[PDB]
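K.L.:
So that you have it, the file is input_2.csv, and it contains CSV, C-alpha atoms:
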```
chain,number,residue,atom,x,y,z
A,36,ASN,CA,82.0,121.4,85.6
A,37,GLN,CA,80.9,123.7,88.4
A,38,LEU,CA,78.7,123.8,91.6
A,39,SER,CA,77.7,126.0,94.5
A,40,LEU,CA,79.2,124.9,97.9
A,41,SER,CA,77.4,125.6,101.2
A,42,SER,CA,78.5,124.5,104.6
A,43,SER,CA,77.2,125.1,108.2
A,44,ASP,CA,80.9,125.1,109.2
A,45,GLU,CA,83.3,126.2,106.4
A,46,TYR,CA,86.1,125.5,108.8
A,47,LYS,CA,85.1,121.8,109.4
A,48,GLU,CA,87.5,119.0,108.6
A,49,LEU,CA,84.8,117.4,106.4
A,50,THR,CA,84.1,120.6,104.6
A,51,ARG,CA,87.8,120.8,103.8
A,52,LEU,CA,88.1,117.2,102.5
A,53,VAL,CA,85.2,117.9,100.1
A,54,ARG,CA,86.9,121.0,98.9
A,55,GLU,CA,90.2,119.2,98.2
A,56,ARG,CA,88.4,116.5,96.1
A,57,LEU,CA,86.3,119.1,94.2
A,58,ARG,CA,89.6,120.6,93.1
A,59,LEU,CA,91.1,117.3,92.1
A,60,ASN,CA,88.1,116.7,89.9
A,61,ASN,CA,88.4,120.0,88.1
A,62,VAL,CA,85.2,121.3,89.6
A,63,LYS,CA,85.0,125.0,90.3
A,64,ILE,CA,82.8,126.4,93.0
A,65,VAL,CA,80.7,129.1,91.3
A,66,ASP,CA,79.3,131.9,93.5
A,67,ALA,CA,76.0,130.1,94.4
A,68,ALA,CA,74.5,130.7,90.9
A,69,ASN,CA,70.9,129.7,90.3
A,70,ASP,CA,71.0,127.3,87.3
A,71,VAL,CA,74.1,125.7,89.0
A,72,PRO,CA,73.7,122.6,91.1
A,73,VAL,CA,74.3,123.0,94.8
A,74,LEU,CA,76.0,120.8,97.5
A,75,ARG,CA,74.9,121.8,101.0
A,76,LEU,CA,76.8,120.3,104.0
A,77,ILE,CA,74.3,120.3,106.9
A,78,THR,CA,75.9,118.4,109.7
A,79,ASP,CA,78.3,115.8,110.8
A,80,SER,CA,78.5,114.3,114.2
A,81,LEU,CA,80.5,111.5,115.8
A,82,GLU,CA,79.3,108.8,118.3
A,83,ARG,CA,81.4,106.4,120.4
A,84,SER,CA,79.8,103.6,122.4
A,85,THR,CA,80.8,100.5,124.4
A,86,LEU,CA,80.3,97.4,122.3
A,87,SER,CA,81.4,94.7,124.7
A,88,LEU,CA,83.2,94.4,128.0
A,89,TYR,CA,85.9,92.2,129.5
A,90,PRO,CA,85.1,89.8,132.5
A,91,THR,CA,86.6,92.6,134.5
A,92,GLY,CA,83.9,95.1,133.6
A,93,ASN,CA,86.1,97.5,131.7
A,94,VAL,CA,85.6,98.2,127.9
A,95,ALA,CA,87.0,95.7,125.5
A,96,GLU,CA,85.3,96.7,122.2
A,97,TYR,CA,84.2,100.2,121.1
A,98,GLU,CA,81.9,101.1,118.3
A,99,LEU,CA,82.4,104.4,116.5
A,100,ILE,CA,79.7,105.9,114.1
A,101,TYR,CA,80.3,108.9,112.0
A,102,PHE,CA,77.0,110.5,110.9
A,103,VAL,CA,76.8,113.1,108.2
A,104,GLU,CA,73.9,114.7,106.4
A,105,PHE,CA,74.0,116.8,103.3
A,106,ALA,CA,71.7,117.9,100.4
A,107,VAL,CA,72.0,118.2,96.7
A,108,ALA,CA,69.8,120.4,94.5
A,109,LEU,CA,70.2,119.9,90.8
A,110,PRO,CA,68.9,122.5,88.3
A,111,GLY,CA,65.5,121.2,87.4
A,112,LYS,CA,64.5,119.4,90.7
A,113,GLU,CA,64.0,120.2,94.3
A,114,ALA,CA,66.9,119.7,96.7
A,115,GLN,CA,67.4,116.2,98.1
A,116,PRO,CA,68.4,115.2,101.6
A,117,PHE,CA,71.2,112.6,102.0
A,118,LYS,CA,72.5,110.8,105.0
A,119,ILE,CA,75.6,108.8,105.6
A,120,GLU,CA,76.5,106.5,108.4
A,121,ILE,CA,79.9,104.9,108.8
A,122,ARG,CA,80.3,102.2,111.5
A,123,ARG,CA,83.7,101.1,112.7
A,124,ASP,CA,84.5,98.8,115.6
A,125,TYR,CA,87.9,98.4,117.4
A,126,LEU,CA,89.5,96.9,120.5
A,127,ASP,CA,90.5,99.2,123.4
A,128,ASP,CA,94.2,99.1,124.0
A,129,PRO,CA,95.5,98.8,127.6
A,130,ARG,CA,97.4,102.1,127.0
A,131,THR,CA,96.6,105.4,128.7
A,132,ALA,CA,93.5,107.5,128.2
A,133,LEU,CA,95.6,109.8,126.1
A,134,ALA,CA,96.9,106.9,123.9
A,135,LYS,CA,93.3,105.9,123.4
A,136,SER,CA,92.4,109.4,122.2
A,137,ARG,CA,95.3,109.4,119.8
A,138,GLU,CA,94.0,106.1,118.4
A,139,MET,CA,90.4,107.0,118.1
A,140,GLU,CA,91.2,110.3,116.4
A,141,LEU,CA,93.2,108.4,113.8
A,142,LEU,CA,90.2,106.2,112.8
A,143,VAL,CA,88.0,109.2,112.7
A,144,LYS,CA,90.2,111.0,110.1
A,145,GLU,CA,89.8,107.9,107.9
A,146,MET,CA,86.0,107.9,108.4
A,147,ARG,CA,85.8,111.5,107.3
A,148,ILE,CA,87.7,110.6,104.2
A,149,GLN,CA,85.3,107.8,103.4
A,150,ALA,CA,82.5,110.2,104.0
A,151,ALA,CA,84.0,112.9,101.7
A,152,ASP,CA,84.3,110.5,98.8
A,153,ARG,CA,80.8,109.0,99.3
A,154,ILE,CA,79.3,112.5,99.2
A,155,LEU,CA,80.8,113.3,95.8
A,156,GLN,CA,80.3,109.8,94.4
A,157,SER,CA,76.7,110.0,95.7
A,158,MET,CA,76.1,113.4,94.1
A,159,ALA,CA,77.5,112.2,90.8
A,160,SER,CA,75.0,109.3,90.9
A,161,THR,CA,72.0,111.5,91.2
A,162,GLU,CA,73.3,113.7,88.3
A,163,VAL,CA,73.4,110.8,85.8
A,164,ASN,CA,69.8,110.1,86.8
A,165,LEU,CA,68.2,113.5,86.3
A,166,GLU,CA,69.2,113.0,82.7
A,167,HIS,CA,65.8,111.3,82.4
B,36,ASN,CA,95.9,72.9,104.6
B,37,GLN,CA,96.9,75.1,107.5
B,38,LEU,CA,97.7,78.7,108.5
B,39,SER,CA,98.0,81.3,111.2
B,40,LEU,CA,95.2,83.9,111.8
B,41,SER,CA,96.1,87.4,113.0
B,42,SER,CA,93.2,89.8,113.7
B,43,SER,CA,92.8,93.3,115.1
B,44,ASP,CA,89.7,92.3,116.9
B,45,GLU,CA,89.8,88.7,118.0
B,46,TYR,CA,86.2,89.2,119.2
B,47,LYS,CA,85.0,90.8,116.0
B,48,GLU,CA,82.1,89.0,114.3
B,49,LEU,CA,84.3,88.9,111.2
B,50,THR,CA,87.0,87.0,113.0
B,51,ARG,CA,84.5,84.5,114.3
B,52,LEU,CA,82.9,84.0,110.8
B,53,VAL,CA,86.2,83.6,109.0
B,54,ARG,CA,87.1,80.9,111.7
B,55,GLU,CA,84.0,78.8,111.6
B,56,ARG,CA,84.1,79.3,107.8
B,57,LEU,CA,87.7,78.2,107.8
B,58,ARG,CA,87.1,75.0,109.7
B,59,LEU,CA,84.1,74.3,107.4
B,60,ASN,CA,86.7,74.1,104.6
B,61,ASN,CA,88.9,71.7,106.5
B,62,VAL,CA,91.6,74.3,107.3
B,63,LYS,CA,93.5,74.1,110.5
B,64,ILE,CA,94.6,77.2,112.4
B,65,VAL,CA,98.0,77.2,114.1
B,66,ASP,CA,100.3,79.6,115.8
B,67,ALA,CA,102.8,81.8,114.1
B,68,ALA,CA,105.4,79.9,112.1
B,69,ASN,CA,108.0,80.7,109.4
B,70,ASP,CA,106.7,77.7,107.5
B,71,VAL,CA,103.0,78.6,108.0
B,72,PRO,CA,101.2,81.2,105.8
B,73,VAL,CA,99.6,84.0,107.7
B,74,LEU,CA,96.2,85.5,107.3
B,75,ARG,CA,95.9,89.0,108.7
B,76,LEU,CA,92.5,90.8,109.4
B,77,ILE,CA,93.3,94.5,109.4
B,78,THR,CA,90.0,96.5,109.4
B,79,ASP,CA,86.4,96.2,108.5
B,80,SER,CA,83.9,99.0,108.2
B,81,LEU,CA,80.3,99.4,107.5
B,82,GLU,CA,78.8,102.3,105.5
B,83,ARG,CA,75.1,103.1,105.1
B,84,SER,CA,73.6,105.8,102.9
B,85,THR,CA,70.3,107.0,101.6
B,86,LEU,CA,69.7,105.6,98.1
B,87,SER,CA,66.1,106.4,97.4
B,88,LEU,CA,63.4,108.3,99.3
B,89,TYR,CA,59.7,107.5,99.1
B,90,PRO,CA,57.4,109.9,97.1
B,91,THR,CA,56.2,110.9,100.6
B,92,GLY,CA,59.4,111.5,102.5
B,93,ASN,CA,60.7,108.7,104.6
B,94,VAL,CA,63.8,106.8,103.2
B,95,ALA,CA,62.6,104.2,100.7
B,96,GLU,CA,65.7,102.1,100.1
B,97,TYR,CA,69.2,102.2,101.5
B,98,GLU,CA,72.6,101.1,100.3
B,99,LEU,CA,75.0,99.0,102.5
B,100,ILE,CA,78.8,98.7,102.0
B,101,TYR,CA,81.0,96.4,104.0
B,102,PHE,CA,84.7,97.1,103.6
B,103,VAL,CA,87.4,94.6,104.6
B,104,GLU,CA,91.2,95.0,104.5
B,105,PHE,CA,93.3,91.9,105.0
B,106,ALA,CA,96.8,90.6,104.3
B,107,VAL,CA,98.3,87.3,103.1
B,108,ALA,CA,102.0,86.5,103.6
B,109,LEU,CA,103.1,83.1,102.2
B,110,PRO,CA,106.1,81.4,103.8
B,111,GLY,CA,109.1,83.1,102.3
B,112,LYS,CA,107.4,85.7,100.1
B,113,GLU,CA,106.8,89.3,101.3
B,114,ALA,CA,103.3,90.1,102.7
B,115,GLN,CA,100.8,91.7,100.4
B,116,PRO,CA,97.6,93.7,101.1
B,117,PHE,CA,94.1,93.0,99.8
B,118,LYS,CA,90.9,95.1,99.8
B,119,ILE,CA,87.4,93.8,99.4
B,120,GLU,CA,84.0,95.5,99.5
B,121,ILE,CA,80.4,94.2,99.4
B,122,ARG,CA,77.5,96.3,98.4
B,123,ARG,CA,73.8,95.4,99.1
B,124,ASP,CA,70.6,97.5,98.8
B,125,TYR,CA,67.5,97.1,101.0
B,126,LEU,CA,64.0,98.5,101.2
B,127,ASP,CA,63.0,100.0,104.6
B,128,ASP,CA,59.4,99.5,105.9
B,129,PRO,CA,57.4,102.1,107.7
B,130,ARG,CA,57.8,100.0,110.9
B,131,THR,CA,59.4,101.2,114.1
B,132,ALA,CA,63.0,102.4,114.1
B,133,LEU,CA,63.7,99.5,116.4
B,134,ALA,CA,62.1,96.5,114.6
B,135,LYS,CA,64.2,97.2,111.5
B,136,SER,CA,67.2,96.8,113.8
B,137,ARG,CA,67.1,93.0,114.1
B,138,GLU,CA,66.6,92.9,110.3
B,139,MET,CA,69.6,95.0,109.0
B,140,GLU,CA,71.9,93.3,111.5
B,141,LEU,CA,70.8,90.0,109.9
B,142,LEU,CA,71.6,91.6,106.6
B,143,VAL,CA,75.0,92.5,107.8
B,144,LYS,CA,75.9,89.0,109.0
B,145,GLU,CA,75.1,87.8,105.5
B,146,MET,CA,77.6,90.4,104.2
B,147,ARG,CA,80.3,89.5,106.7
B,148,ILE,CA,79.8,85.9,105.7
B,149,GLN,CA,80.0,86.8,102.0
B,150,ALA,CA,83.2,88.7,102.9
B,151,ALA,CA,84.7,85.8,104.9
B,152,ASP,CA,84.1,83.5,101.9
B,153,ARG,CA,85.8,85.9,99.5
B,154,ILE,CA,88.8,86.2,101.9
B,155,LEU,CA,89.2,82.4,101.7
B,156,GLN,CA,88.8,82.1,97.9
B,157,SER,CA,91.1,85.1,97.4
B,158,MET,CA,93.6,83.2,99.5
B,159,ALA,CA,93.2,79.9,97.7
B,160,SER,CA,94.1,81.8,94.5
B,161,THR,CA,97.1,83.6,96.0
B,162,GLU,CA,98.6,80.2,96.8
B,163,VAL,CA,97.6,78.2,93.7
B,164,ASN,CA,99.9,80.5,91.7
```
Once you've parsed the file, please lay out its structure as structure tokens.
P.N.:
Amino acid sequence: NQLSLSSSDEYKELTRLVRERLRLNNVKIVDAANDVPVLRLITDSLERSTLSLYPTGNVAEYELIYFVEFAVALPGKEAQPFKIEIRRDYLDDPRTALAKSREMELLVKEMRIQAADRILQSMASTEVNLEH
Amino acid sequence: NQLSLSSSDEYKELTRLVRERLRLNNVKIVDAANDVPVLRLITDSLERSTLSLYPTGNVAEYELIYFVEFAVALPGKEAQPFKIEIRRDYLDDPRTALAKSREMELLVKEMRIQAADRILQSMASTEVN
């Protein structure tokens, strides 16, 4: 079908993953029509904290949490706010600070993918409900 | 019944639960060996998302999804991947955003357990064949 796409950062990685999947599902993004359902991407942040430390005092386990908020407005009901939280824990390698960044960034790309699918799957779920 | 246990996070709660759940099944854990089937824990992630919001505003119920990716390589045969996901929904109370904490985490341990169990059973089947 079709839908209106709105993002607070049209250049964001997450806004691009949604786009890709909207295309793979033969869904055209109409020009923000009225009677057409809208998907609004509000924000997405990333958080990285220390989970546990080694007897030395230096980080052993990190916890990453990707947060994302979006909103769906189906024709016939007021927009609805949705939040997604993805938690991922991992062990800190002894490698360099740079090798740590390379690693973390890799897991983030995977989290954004999970987020992207959840958004669409989540939106489809609210669609099959308004049918009542 | 024995095997070797490889994990990305030796300290991860999952690793611990699959171990105390592995002994509880009379399974011995040994070091790497060409004649010993390996169980590899690759990744586990948790996902939380708004499922239903109260007629007032605050989030009524939430949905929890625990993903686990593991591998099983029998002595001789090539290693093969396995994915498993657990979904559970809960109702949130108007309590403090801090009391609910000790709750959900208890809800997650039950899921990690449920996952550990599944990893075991899914391995008992990959060998029975």
K.L.:
Near chain A, meaning an atom within 6 Å, which residues of chain B appear when counting all atoms listed in the file? Write them as an MDAnalysis selection string.
P.N.:
chainID B and resid 44 80:85
K.L.:
Generate a file of the selected residues that holds C-alpha atoms, formatted as a CSV table (one decimal), in the frame of the given file.
P.N.:
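Okay, result.csv is ready:
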```csv
chain,number,residue,atom,x,y,z
B,44,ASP,CA,89.7,92.3,116.9
B,80,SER,CA,83.9,99.0,108.2
B,81,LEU,CA,80.3,99.4,107.5
B,82,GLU,CA,78.8,102.3,105.5
B,83,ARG,CA,75.1,103.1,105.1
B,84,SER,CA,73.6,105.8,102.9
B,85,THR,CA,70.3,107.0,101.6
```
K.L.:
Rounded to one decimal place, report the CA of residue 113 (chain A)-CA of residue 87 (chain B) distance in Å.
P.N.:
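CA of residue 87 (chain B) lies 14.3 Å from CA of residue 113 (chain A).
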K.L.:
Distance CA of residue 156 (chain B)-CA of residue 101 (chain B), one decimal place?
P.N.:
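Atom-to-atom, CA of residue 156 (chain B) and CA of residue 101 (chain B) are spaced 17.4 Å apart.
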K.L.:
Compare B:130, B:135, B:75, B:47 by their minimum atom-to-atom distance to residue 116 (chain B), counting only C-alpha atoms, and give me the closest one.
P.N.:
B:75
K.L.:
How many Å separate CA of residue 162 (chain A) from CA of residue 118 (chain B)?
P.N.:
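Computing it gives 28.1 Å between the two atoms.
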K.L.:
Would you kindly return, as a ChimeraX atom specification, each protein, DNA or RNA residue with an atom no farther than 12 Å from any atom of residue 108 (chain A), considering all atoms listed in the file and excluding same-chain residues fewer than 3 positions away?
P.N.:
/A:38-41,67-76,105,111-117,158-159,161-162,165
K.L.:
Would you mind exporting C-alpha atoms of the selected residues as a PDB file, keeping the file's coordinate frame?
P.N.:
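Contents of the output file result-v9.pdb:
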```
ATOM      1  CA  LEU A  38      78.700 123.800  91.600  1.00  0.00           C
ATOM      2  CA  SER A  39      77.700 126.000  94.500  1.00  0.00           C
ATOM      3  CA  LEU A  40      79.200 124.900  97.900  1.00  0.00           C
ATOM      4  CA  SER A  41      77.400 125.600 101.200  1.00  0.00           C
ATOM      5  CA  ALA A  67      76.000 130.100  94.400  1.00  0.00           C
ATOM      6  CA  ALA A  68      74.500 130.700  90.900  1.00  0.00           C
ATOM      7  CA  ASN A  69      70.900 129.700  90.300  1.00  0.00           C
ATOM      8  CA  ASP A  70      71.000 127.300  87.300  1.00  0.00           C
ATOM      9  CA  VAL A  71      74.100 125.700  89.000  1.00  0.00           C
ATOM     10  CA  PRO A  72      73.700 122.600  91.100  1.00  0.00           C
ATOM     11  CA  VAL A  73      74.300 123.000  94.800  1.00  0.00           C
ATOM     12  CA  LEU A  74      76.000 120.800  97.500  1.00  0.00           C
ATOM     13  CA  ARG A  75      74.900 121.800 101.000  1.00  0.00           C
ATOM     14  CA  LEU A  76      76.800 120.300 104.000  1.00  0.00           C
ATOM     15  CA  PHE A 105      74.000 116.800 103.300  1.00  0.00           C
ATOM     16  CA  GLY A 111      65.500 121.200  87.400  1.00  0.00           C
ATOM     17  CA  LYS A 112      64.500 119.400  90.700  1.00  0.00           C
ATOM     18  CA  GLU A 113      64.000 120.200  94.300  1.00  0.00           C
ATOM     19  CA  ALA A 114      66.900 119.700  96.700  1.00  0.00           C
ATOM     20  CA  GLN A 115      67.400 116.200  98.100  1.00  0.00           C
ATOM     21  CA  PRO A 116      68.400 115.200 101.600  1.00  0.00           C
ATOM     22  CA  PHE A 117      71.200 112.600 102.000  1.00  0.00           C
ATOM     23  CA  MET A 158      76.100 113.400  94.100  1.00  0.00           C
ATOM     24  CA  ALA A 159      77.500 112.200  90.800  1.00  0.00           C
ATOM     25  CA  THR A 161      72.000 111.500  91.200  1.00  0.00           C
ATOM     26  CA  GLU A 162      73.300 113.700  88.300  1.00  0.00           C
ATOM     27  CA  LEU A 165      68.200 113.500  86.300  1.00  0.00           C
TER      28      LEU A 165
END
```
K.L.:
Given all atoms listed in the file as the basis, pick out the residue of B:96, B:66, B:152, B:124 nearest to residue 50 (chain B).
P.N.:
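That would be B:152, the residue with the smallest distance to residue 50 (chain B).
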K.L.:
Could you give me the centre and size, in Å to one decimal, of an axis-aligned box around all listed atoms of region 150-154 of chain B with 8 Å added on every side, as AutoDock Vina command-line options?
P.N.:
```
--center_x 86.0 --center_y 86.1 --center_z 102.2 --size_x 21.6 --size_y 21.2 --size_z 21.4
```
K.L.:
For region 54-61 of chain B, list every protein, DNA or RNA residue within 12 Å, evaluated using all atoms listed in the file, and leave out those in the same chain fewer than 4 positions away; present the list as a PyMOL selection string.
P.N.:
chain B and resi 36-42+45-50+65+74+76+147-156+158-159
K.L.:
For residue 126 (chain B), which residue out of B:73, B:64, B:100, B:94 is the nearest one, using all atoms listed in the file?
P.N.:
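The shortest atom-to-atom distance to residue 126 (chain B) comes from B:94.
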K.L.:
So which one's closest to residue 45 (chain A), A:151, A:77, A:163, A:139? Using all atoms listed in the file, please.
P.N.:
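Once distances to residue 45 (chain A) are computed over all atoms listed in the file, the minimum belongs to A:77.
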K.L.:
How about completing region 86-103 of chain B with N, CA and C atoms and giving it to me as a PDB file, in the frame of the given file?
P.N.:
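Below is the file that was written, rebuild-v9.pdb:
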```pdb
ATOM      1  N   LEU B  86      69.637 105.917  99.517  1.00  0.00           N
ATOM      2  CA  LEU B  86      69.700 105.600  98.100  1.00  0.00           C
ATOM      3  C   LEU B  86      68.499 106.162  97.335  1.00  0.00           C
ATOM      4  N   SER B  87      67.339 106.023  97.962  1.00  0.00           N
ATOM      5  CA  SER B  87      66.100 106.400  97.400  1.00  0.00           C
ATOM      6  C   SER B  87      65.076 106.782  98.478  1.00  0.00           C
ATOM      7  N   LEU B  88      64.367 107.888  98.311  1.00  0.00           N
ATOM      8  CA  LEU B  88      63.400 108.300  99.300  1.00  0.00           C
ATOM      9  C   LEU B  88      61.961 108.212  98.742  1.00  0.00           C
ATOM     10  N   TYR B  89      61.054 107.616  99.515  1.00  0.00           N
ATOM     11  CA  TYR B  89      59.700 107.500  99.100  1.00  0.00           C
ATOM     12  C   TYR B  89      59.079 108.780  98.593  1.00  0.00           C
ATOM     13  N   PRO B  90      58.080 108.706  97.699  1.00  0.00           N
ATOM     14  CA  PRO B  90      57.400 109.900  97.100  1.00  0.00           C
ATOM     15  C   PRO B  90      56.858 110.780  98.249  1.00  0.00           C
ATOM     16  N   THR B  91      56.695 110.190  99.434  1.00  0.00           N
ATOM     17  CA  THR B  91      56.200 110.900 100.600  1.00  0.00           C
ATOM     18  C   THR B  91      57.284 111.643 101.313  1.00  0.00           C
ATOM     19  N   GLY B  92      58.273 110.904 101.809  1.00  0.00           N
ATOM     20  CA  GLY B  92      59.400 111.500 102.500  1.00  0.00           C
ATOM     21  C   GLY B  92      60.374 110.576 103.141  1.00  0.00           C
ATOM     22  N   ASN B  93      59.874 109.653 103.964  1.00  0.00           N
ATOM     23  CA  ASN B  93      60.700 108.700 104.600  1.00  0.00           C
ATOM     24  C   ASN B  93      61.632 107.973 103.603  1.00  0.00           C
ATOM     25  N   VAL B  94      62.791 107.516 104.070  1.00  0.00           N
ATOM     26  CA  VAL B  94      63.800 106.800 103.200  1.00  0.00           C
ATOM     27  C   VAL B  94      63.220 105.506 102.690  1.00  0.00           C
ATOM     28  N   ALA B  95      63.098 105.410 101.371  1.00  0.00           N
ATOM     29  CA  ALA B  95      62.600 104.200 100.700  1.00  0.00           C
ATOM     30  C   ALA B  95      63.680 103.115 100.938  1.00  0.00           C
ATOM     31  N   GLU B  96      64.668 103.096 100.049  1.00  0.00           N
ATOM     32  CA  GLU B  96      65.700 102.100 100.100  1.00  0.00           C
ATOM     33  C   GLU B  96      67.089 102.697 100.474  1.00  0.00           C
ATOM     34  N   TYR B  97      67.905 101.865 101.109  1.00  0.00           N
ATOM     35  CA  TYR B  97      69.200 102.200 101.500  1.00  0.00           C
ATOM     36  C   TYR B  97      70.288 101.373 100.841  1.00  0.00           C
ATOM     37  N   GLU B  98      71.529 101.836 100.902  1.00  0.00           N
ATOM     38  CA  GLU B  98      72.600 101.100 100.300  1.00  0.00           C
ATOM     39  C   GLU B  98      73.643 100.728 101.435  1.00  0.00           C
ATOM     40  N   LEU B  99      74.068  99.471 101.471  1.00  0.00           N
ATOM     41  CA  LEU B  99      75.000  99.000 102.500  1.00  0.00           C
ATOM     42  C   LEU B  99      76.360  98.586 101.875  1.00  0.00           C
ATOM     43  N   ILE B 100      77.446  99.094 102.436  1.00  0.00           N
ATOM     44  CA  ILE B 100      78.800  98.700 102.000  1.00  0.00           C
ATOM     45  C   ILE B 100      79.639  98.239 103.117  1.00  0.00           C
ATOM     46  N   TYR B 101      80.132  97.010 102.989  1.00  0.00           N
ATOM     47  CA  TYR B 101      81.000  96.400 104.000  1.00  0.00           C
ATOM     48  C   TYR B 101      82.397  96.328 103.469  1.00  0.00           C
ATOM     49  N   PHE B 102      83.324  97.078 104.063  1.00  0.00           N
ATOM     50  CA  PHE B 102      84.700  97.100 103.600  1.00  0.00           C
ATOM     51  C   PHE B 102      85.582  96.138 104.495  1.00  0.00           C
ATOM     52  N   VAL B 103      86.503  95.427 103.867  1.00  0.00           N
ATOM     53  CA  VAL B 103      87.400  94.600 104.600  1.00  0.00           C
ATOM     54  C   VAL B 103      88.800  94.700 104.046  1.00  0.00           C
TER      55      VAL B 103
END
```
